[PDB]
Amino acid sequence: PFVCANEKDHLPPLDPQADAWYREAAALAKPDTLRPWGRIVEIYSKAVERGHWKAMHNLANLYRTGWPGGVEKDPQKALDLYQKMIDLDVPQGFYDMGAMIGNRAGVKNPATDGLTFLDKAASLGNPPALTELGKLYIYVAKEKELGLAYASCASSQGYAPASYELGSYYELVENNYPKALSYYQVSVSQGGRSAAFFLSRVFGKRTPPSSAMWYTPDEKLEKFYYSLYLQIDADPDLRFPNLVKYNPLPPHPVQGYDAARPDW
């Protein structure tokens, strides 16, 4: 049996000073201009000293995925930070470690209680882990019902890539385009860059009909959702918690609001 967990129920405390440093360093790394990476690294490091689990994640990603002139690529330090995270039982830490050394390596790790890294992370409600496992059950193991449950758990926690993956599932596998559109719009409200980009294409004049899912082009929706794409592209922390309720999507010309029930 699968139990959907809430990741926020399993987050260690965040030091108030370390969180101030983390937020400033994350902001400095945000704009698409010249950025002070050496100083961003140093600020993240000071926050890591005080136990900030998000500073550990961001700094580790910089150490393994370097950055042209700023920093500096070093996989071993990124992994030492991942170790610090799982020692604190951070759900993202289990996902991060598994993404770097493989899922099944978790079974032997003392911090996972015998689970794989994805299983341990997903059991603590980690949305990235729930999303990957959902894709694996759906597309590799052919466990549709279980895989959809994993993705829906991550989606209901506000994780935009999970909502986008559910929308992509209903478009390509079930050909339920109104259901796909609704998940894409949910993903946009959750800061989904890809969903906003492709939701905009759905209503563009020049989009081939199959990629538009045979919706009628709507120039105002094309511009509305391309505008959200640009906002999310500039600020990935942006959310739109009122987007769905006050901007109902148009029905599909044939499938309505649900291909299963095209006349609702």
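Rules used in this analysis
Residues numbered from 1 in each chain as written, not as in the entry; some residues may be left out. Heavy atoms only, no water. Helix = DSSP H or I, 4+ residues; strand = E, 2+ residues; numbered from the N terminus. Salt bridge = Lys/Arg side-chain N within 4 Å of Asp/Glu carboxyl O. Disulfide = S-S within 2.5 Å. Buried < 20%, exposed > 50% of the residue type's maximum accessible area, 1.4 Å probe, protein only. Expected span 1.5 Å × (residues − 1). Arc of directions from axis to C-beta. Contact = heavy atoms within 4.5 Å. Polar contact = N/O pair within 3.5 Å; in protein donor to acceptor, adjacent residues only side chain to side chain. 1 Å grid on protein atoms, 1.4 Å probe; cavity = no way out; pocket = protein on both sides within 12 Å on 5 of 7 lines; lining within 4 Å. Points joined across faces, edges and corners; volume = space filled by probe spheres on them.

- Method information in the entry identifies X-ray crystallography as the source of the structure, with 2.106 Å recorded as the resolution.

### Describing unusual backbone geometry
- Omega for the bond connecting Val71 with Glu72 falls within 30 degrees of zero, at -20°, which places this linkage in the cis form.
- With respect to the element layout, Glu72 can be found in the loop between α3 (53–64) and α4 (75–87).
- Although it is not a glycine, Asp89 adopts a positive phi angle of roughly 65°.
- Summarising the element assignment, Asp89 is placed in the loop between α4 and α5 (91–101).
- Positive phi outside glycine occurs at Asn175, with the angle close to 55°.

### Side note on the pattern of salt bridges
- Across all of its chains, the model carries 10 salt bridges by this definition.
- With a shortest N-O distance of 3.1 Å, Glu42 and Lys46 are connected by a salt bridge. Here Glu42 and its partner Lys46 are both found in helix α2 (residues 37–49), four residues apart, which amounts to about one turn of the helix.
- For the salt bridge of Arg193 with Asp233, the shortest nitrogen-to-oxygen distance reads 2.9 Å.

### Section: the state of the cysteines
- Throughout the structure, instances matching the rule amount to one disulfide.
- The disulfide partner of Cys4 is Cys153, and the gap between their sulfur atoms is 2.0 Å. Handedness here is read from the sign of the S-S torsion; for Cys4 and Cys153, about 85°, the answer is right-handed. Within this pair, whereas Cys4 is found in the segment before α1 (16–28), its partner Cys153 is found in helix α8 (residues 144–156), the two being separated by 149 residues in sequence.
- The partly exposed category is assigned to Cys4, whose relative accessible area is 42%.

### Structural notes on helix α12 (residues 219–234)
- Its 16 residues place the ends of α12 23 Å apart at the C-alpha level, agreeing with the 22 Å of an ideal helix rising 1.5 Å per residue.
- Listed in full, the buried residues belonging to α12 are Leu221, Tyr225, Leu228, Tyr229 and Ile232. The buried residues of α12 all sit within an arc of 105° when viewed along its axis, so they share a single face. Residues of α12 that are exposed and point over 90 degrees away from its buried face: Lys220, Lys223 and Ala234.
- Contacts made by the buried residues of α12 are with α10 (177–189), α11 (193–202) and α13 (243–246).
- Its side-chain oxygen at 3.1 Å from the backbone nitrogen of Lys220, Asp218 defines the N-terminal cap of α12.

### A few points about empty space enclosed by the protein
- On inspection of all chains with the given rule, the structure shows one cavity of 30 Å³ or more.
- By volume, the largest cavity is sized at about 50 Å³.
- Lining of the largest cavity is provided by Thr131, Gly134, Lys135, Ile138, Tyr139, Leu148, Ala151, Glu165, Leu166 and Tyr169.
- When residues of the lining of the largest cavity are traced back to their parent elements, those giving at least two are α7 (127–139), α8 and α9 (160–172).

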